[PDB]
Amino acid sequence: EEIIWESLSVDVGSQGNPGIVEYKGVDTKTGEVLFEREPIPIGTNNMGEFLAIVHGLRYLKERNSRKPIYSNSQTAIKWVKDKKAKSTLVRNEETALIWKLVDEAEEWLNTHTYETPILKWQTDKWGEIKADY
RNA sequence: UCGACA
DNA sequence: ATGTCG
Ligand SMILES: [Mg+2]
Ligand SMILES: [Mg+2]
Ligand SMILES: [Mg+2]
Ligand SMILES: [Mg+2]
């Protein structure tokens, strides 16, 4: 129905897909950028979306914040729930970095608890997510 | 054979 | 185009 303004919004930007991937997290209310990841040379959109949610979980947990996280990504939301990023991206020397990060994000999920609700941003009703590039 | 989310 | 799920 309506936007939970007291929340963190995450989004991915890329150049190519697969291509250069980055992400950021913003306060949904103020649009202030709370974190921004250095570009990863090769990755997929969905891997970037996954890393952005997991990074948001880590960021909120460290700050003892109970705010929900908004993502526009059906795929990444499911991967986080499963603790398993089911990417098709070839795992080789060029994709080594993104895959290491993905493996580490999954490992964090398997060693930590969180209560953060992970919520689907309703683009069709609300327009583009605020963490949008 | 599609329907969605990016 | 390409990455993904239902
Ligand atoms: Mg997105
Ligand atoms: Mg990262
Ligand atoms: Mg930590
Ligand atoms: Mg976007």
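Side chains included, hydrogens not; waters and symmetry mates left out as well; all remaining heavy atoms used. All chains are named by letter (A, B, ...) in the order of the sequence lines, taking the proteins before the strands, and each is independently numbered beginning at 1.
The aromatic rings of A:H55 and A:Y23 are tilted relative to each other, their planes meeting at an angle between 30° and 60°.
Among pairs with a residue in residues 21-30 of chain A, those fulfilling salt bridge (charged side-chain N to carboxylate O under 4.0 Å, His left out) read A:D11-A:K24, A:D27-A:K67, at least two apart in sequence or across chains. The list of salt bridge (charged side-chain N to carboxylate O under 4.0 Å, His left out) pairs with a residue in residues 36-48 of chain A, not counting sequence neighbours, is empty. For residues 51-66 of chain A, the set of pairs meeting the salt bridge (charged side-chain N to carboxylate O under 4.0 Å, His left out) definition, not counting sequence neighbours, comprises A:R66-A:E115.
Atom-to-atom distance recorded for A:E2:CD and A:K125:NZ is 9.0 Å, nearest 0.5 angstrom. Interatomic distance, CG of A:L109 versus NZ of A:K84, reported as 10.5 Å (0.5 Å rounding).
Closest approach of A:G25 and A:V10 over heavy atoms only: CA-CG1, 4.0 Å. Nearest heavy-atom pair, A:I69 versus A:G56, reported as atom, atom and distance to 0.1 Å: CD1-C, 3.5 Å. In terms of heavy atoms, A:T28 sits closest to A:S7 at OG1-OG, 2.8 Å.
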Worked check of side-chain contact (heavy atoms from CB on, under 4.5 Å) between A:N17 and A:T44: CA-CA 5 Å; A:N17 184 34; A:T44 62; 3.7 Å; yes
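Distance alone, capped at 3.5 Å, is enough to place a donor-acceptor pair between the A:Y70 side chain and the A:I4 backbone.
The stretch residues 86-97 of chain A touches DNA chain C through A:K86, A:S87, A:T88, A:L89, each having a heavy atom under 4.0 angstrom from the strand. For the segment residues 45-55 of chain A, the set of residues with a heavy atom within less than 4.0 Å of an atom of RNA chain B comprises A:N45, A:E49, in numerical order. Within residues 116-126 of chain A, no residue has any heavy atom closer than 4.0 Å to DNA chain C. At a non-hydrogen distance threshold of 4.0 Å, nothing from residues 23-42 of chain A comes into contact with DNA chain C. Within residues 67-80 of chain A, the residues that place at least one heavy atom under 4.0 Å from RNA chain B are, in residue-number order, A:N72, A:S73, A:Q74.
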Show me the donor-acceptor pairs within less than 3.5 Å that the side chains of residues 97-108 of chain A make with the rest of the protein, sequence neighbours left out.
residue, atom, partner, partner atom, Å
A:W99, NE1, A:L89, O, 3.1
A:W99, NE1, A:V90, O, 3.4
A:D103, OD1, A:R91, NH2, 3.0
A:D103, OD2, A:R91, NH1, 3.4
A:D103, OD2, A:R91, NH2, 3.1
A:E106, OE2, A:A85, N, 2.8
A:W108, NE1, A:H112, ND1, 3.4

Return all side-chain donor-acceptor pairs below 3.5 angstrom for residues 75-82 of chain A, not counting sequence neighbours, or 'none' if the list is empty.
residue, atom, partner, partner atom, Å
A:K78, NZ, A:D82, OD2, 2.6

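By the 6.0 Å contact criterion, CD on A:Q15 is open, its count of non-hydrogen atoms from other residues, nucleotides or ligands being 12 or less. Within a 6.0 Å sphere centred on NZ of A:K86, heavy atoms belonging to other residues, nucleotides or ligands number 12 at most.
Protein chain A contacts DNA chain C from C:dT2 to C:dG6, reading 5' to 3' and using non-hydrogen atoms of the protein with a distance under 4.0 Å.
In terms of hydrophobic clustering, with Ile, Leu, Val, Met, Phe, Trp and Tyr side chains grouped at heavy-atom distances under 4.5 Å, A:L34 and A:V26 are assigned to different clusters.
Residues that satisfy the side chain to side chain donor-acceptor pair (under 3.5 Å) test with A:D124, not counting sequence neighbours, are absent from this structure.
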